[PDB]
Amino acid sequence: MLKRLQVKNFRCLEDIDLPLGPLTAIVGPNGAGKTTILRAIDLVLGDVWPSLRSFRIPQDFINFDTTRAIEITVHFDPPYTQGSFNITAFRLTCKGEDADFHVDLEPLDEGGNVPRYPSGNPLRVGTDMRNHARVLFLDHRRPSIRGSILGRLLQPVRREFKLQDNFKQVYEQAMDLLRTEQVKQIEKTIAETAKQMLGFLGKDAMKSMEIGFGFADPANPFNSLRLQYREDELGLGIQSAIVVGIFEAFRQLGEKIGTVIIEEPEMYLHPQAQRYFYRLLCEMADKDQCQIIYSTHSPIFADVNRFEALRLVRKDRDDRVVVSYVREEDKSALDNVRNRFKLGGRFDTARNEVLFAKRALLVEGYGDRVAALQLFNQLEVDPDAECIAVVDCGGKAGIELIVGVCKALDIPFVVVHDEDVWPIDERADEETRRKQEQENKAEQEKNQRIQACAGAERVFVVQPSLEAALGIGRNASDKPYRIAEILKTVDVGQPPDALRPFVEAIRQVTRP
């Protein structure tokens, strides 16, 4: 599998370095580098040998510069053994001094050096070596489909095939029904003309070449097989559905298929089908049957609970592309937080919207979101137009989790939550007093952990709780019409003292 990508001076990617894992989910705004990361991988490892014909000069250089060298380095594991060399990466360079540019594909060892022979010449990247690490690229290709993707599916079929001779005779029999006299004269005009054009190259005989009409190589028929259907946004959805079916056949066939890159796996799938596809891709990645690298705009394919997969790509104040992800050092602390949330917590795909927003307001629960959005409306802010995600995190442990992801990804955020500490009723019985004390301490610990990960300047605490600030019963705590009519009597100008941290949280997350 691919392990790491380095890109220098390629289109919008001035300098970038990101890890790659069994599932790599790449998110970020349009034009901010997302697709260019994928194209850089395809340049080195796609099915066209990297050469000067692979680049647009100067289109592919930063600023159309060309005094800078394009450099794409792809690292992988396990190493490729060539004789006495173990190669762990390829480095594709395109540079030049005007006006002769050139590209090199160099092999690199564990230590980042190009091995050389005792003769002193460097080791060059050969066919077997590059095909070692080749990737399937599913870009938006989506009444028929075909590609190296289906080809890889049929390669166990193409193997045990044993009726090649019979197929040739039936195939030719069918081609003869097509070869009208006019068809043959059209074919002869094409083939004779092409051969004359080729003759100018001087390479002869060359007269061994057959050029004609047909719809398959009868020797290797499974190389022209496609999926087809009878009968366009409808057509596009059908072709997306057939792709899901192809991947479902892979999973049942169990064969390892290596590295697949997908531009927007969601496209033209119903959300329910996107859920089915994502679950399928995750099973194959986790089972170690392939590696999936993709760009996505869908919160169904960008799961906050799988935070190791996340790469967030965007341009900084200076139009410099920057990639964010959970650092290795930090994975274990966030994983602990993910586990604490899984005890009693429930997962919610809607929370993944945090990954697509300019800014996030993190709240505990459904009632808090309803109240937040009504206050937005009273402050005359539309959170959808401002790309502010208001995220129901599923309680305090859930907030910790989303905070840790936002912190690791450099997503700006504000937290609001209740204090949930209550004075002890000195008249209650021993068990109630003791349990109140213990609950207060537990809540204080949860409040302190949120403060430690978010920072205090990003956290607003409603004392003792939003329910108490609103005067709202326990029954009605989540009824939107009840929350709305209470909040409609409040004055955003001077929100009550109890309610003040809630509306100030919304003012902070709104502040440009």
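So that there is no doubt, residue numbering starts at 1 and follows the sequence shown.
Q: Report, from the record, the number of residues in the deposited sequence between residue 369 and residue 370 that have no coordinates, as none, 1 to 3, 4 to 9, or 10 or more.
A: Going from residue 369 to residue 370, the model skips no residues of the deposited sequence.
Q: Which class fits the unmodelled deposited stretch between residue 181 and residue 182: none, 1 to 3, 4 to 9, or 10 or more?
A: Count of unmodelled residues in between: none.
Q: On mean Cα temperature factor in this entry, is 355-363 or 127-135 the higher one?
A: Comparing 355-363 with 127-135, the higher mean C-alpha B-factor belongs to 127-135.
Q: Comparing 76-84 with 240-248, where is the mean C-alpha B-factor higher?
A: 76-84 has the higher mean C-alpha B-factor.
Q: Looking at 437, 100, 308, 335, which has the biggest Cα B factor in the entry?
A: Answer, based on the entry's C-alpha B-factors: 100.
Q: Tell me which of 255, 266, 420, 392 tops the list for C-alpha B factor in the record.
A: Answer, based on the entry's C-alpha B-factors: 255.
Q: Using the temperature factors of the C-alpha atoms in this entry, rank residue 122 within its chain: lowest, middle or highest third.
A: For residue 122, the deposited C-alpha B-factor lands in the highest third.
Q: Per the entry's values, where does residue 176 land by CA temperature factor relative to the rest of its chain, in the lowest, middle or highest third?
A: For residue 176, whose C-alpha B-factor we compare with every modelled residue in the chain, the answer is the highest third.
Q: Which third of the chain does residue 295 land in by C-alpha B-factor: lowest, middle or highest?
A: Residue 295: CA B-factor falls in the lowest third of its chain.
Q: When the modelled residues of the chain are sorted by Cα temperature factor, does residue 36 land in the lowest, middle or highest third?
A: Middle third - that is where residue 36 ends up once the chain's C-alpha B-factors are sorted.
Q: Of the three thirds of its chain by CA temperature factor, lowest, middle or highest, which one includes residue 225?
A: Tercile = middle for this residue's CA B-factor.
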